[PDB]
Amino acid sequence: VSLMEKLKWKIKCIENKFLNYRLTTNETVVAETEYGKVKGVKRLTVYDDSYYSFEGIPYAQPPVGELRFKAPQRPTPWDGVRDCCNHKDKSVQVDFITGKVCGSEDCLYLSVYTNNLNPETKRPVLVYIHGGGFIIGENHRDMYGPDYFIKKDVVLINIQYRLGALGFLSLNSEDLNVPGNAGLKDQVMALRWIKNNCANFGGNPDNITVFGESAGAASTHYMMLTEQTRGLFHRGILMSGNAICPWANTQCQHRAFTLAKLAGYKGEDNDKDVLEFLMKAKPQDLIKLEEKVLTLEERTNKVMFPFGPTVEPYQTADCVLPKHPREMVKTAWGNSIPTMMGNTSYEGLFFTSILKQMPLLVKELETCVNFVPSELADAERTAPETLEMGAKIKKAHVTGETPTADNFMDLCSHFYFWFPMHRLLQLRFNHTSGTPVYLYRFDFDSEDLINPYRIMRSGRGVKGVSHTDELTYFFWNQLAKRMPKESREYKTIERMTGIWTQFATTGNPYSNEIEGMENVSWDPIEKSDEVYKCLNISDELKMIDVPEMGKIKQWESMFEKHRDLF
């Protein structure tokens, strides 16, 4: 990221600090938790509303020293008042602006926001799981401010969980008790805390909605798949992701050795000696070196991250992914709660930045074999069958004689998001009570109000609605400003926070108390449906046929001779 964006961010960070000081009040409040009393503070928003804020509530033991890479443990209870008037640090990670490592191994906290501590009826509990490809992210308010949501009568919670190798290292040796998915196991324990404590903040433990975007979406879906959380929450929203996206799991049992080797390990490839080295290494060194772990082979086959969710090699007490996610959908308790899923109108437009450093990537569309789903493609990607599936992909996205950048980002929309959504829906239908699932397509484009990911994807002065563009209309961030109440931006904030809160309350996303939903008839998808219907959210809210359907079906034809792999 450029020096000018660096300094610009530095100045906004300085601005956000003083703003946060100003928007703070002296009104402190004490709530009960099952671990002891916590002191929160009331704060202001730029829209002249206020809210109670409890930050840095621990839901797990600090996972340092001998607990590193291990499943989380329940925290130690205290008797007195824990000061929750300040945020704790983020999980250790590389800063996407600066390039330097930040955060701390002590990161397992959550935040609890609400406009009213003593509501007359118990309220909807909304739980946000942040994305960041399982390697970056945080529940800090400079990135995920509750300011828009607190206008509604909800309780909003933002959790943290261990990222990267600290979050997702995996070892085969059953004696070492590092099966993997520690970061997901962090998510489970936070949920059990939210289950048993949200009533103290006026939340209804019998009406909890979990939702997330990107890796946050795959996390939400994983939380709906595992037995570990059965009956813990009642609604799910999957925003641009799910657990069968190609980036959302990986078999990383061999990659620990690679990481130890990068970090100074001298010796052989056996799991014990590797683990001991990794247990003593500096967290910043491990995190800094994750970038270099993936081979060229793996990047070529679109492996995006070294460490992430995985099928655990042996079953433990806290086990979360005991089989491949596609197998877990067939037995998921989550299949039987109300669900909302959706994508933006130009997801892949995110990858513009990556394309600029790697022009050659566009020539991949010449045969498209590198985008054939891994389970169908052969090793070298050279088998005649593979070139044939590749061709079905190329016919779907390449518009002219020669491939363009827009063909490429268009392909990515489908490779990383639409096609996996298609596969989940169909697979889910075969194994479900028949609870509704509702689709949205977020199609609203504005540059007047942005979020930090625009800095990352180099999204300055770029039209179209990229992945993460919708976060701007759900949370406050330190790049935001107050918008006039008549602006298209402000109205979309109202609509978005409105629908989500409507869905969270009733398990049904429609309300005629939302401006623009007058002629809207939003039906759930039926297995009988050849074509998916979705609410398209632009300046106007309109039900349409999913425009990506024709391409979606083309991808499906790759499985013609392999329908059991679908």
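Start at 1 and count along the sequence shown; that's the residue number.
Mean CA B-factor, 214 to 222 versus 97 to 105: the higher value falls on 97 to 105. The stretch with the higher mean CA B factor, choosing between 356 to 364 and 443 to 451, is 356 to 364. In this structure the maximum Cα B-factor among 309, 133, 267, 373 is found at 267.
By the numbers in the PDB entry, the CA B factor is greatest at 433 among 209, 472, 433, 258. Among the modelled residues of the chain, residue 229 sits in the lowest third by CA temperature factor in this PDB entry. In the deposited entry, the Cα temperature factor of residue 157 places it in the lowest third of its chain's modelled residues. In the deposited entry, the Cα temperature factor of residue 55 sits in the bottom third of values across the chain's modelled residues.
Placement of the Cα temperature factor of residue 337 within the chain: middle third of the modelled residues, per the deposited record. Among the modelled residues of the chain, residue 40 sits in the middle third by CA temperature factor in this PDB entry.
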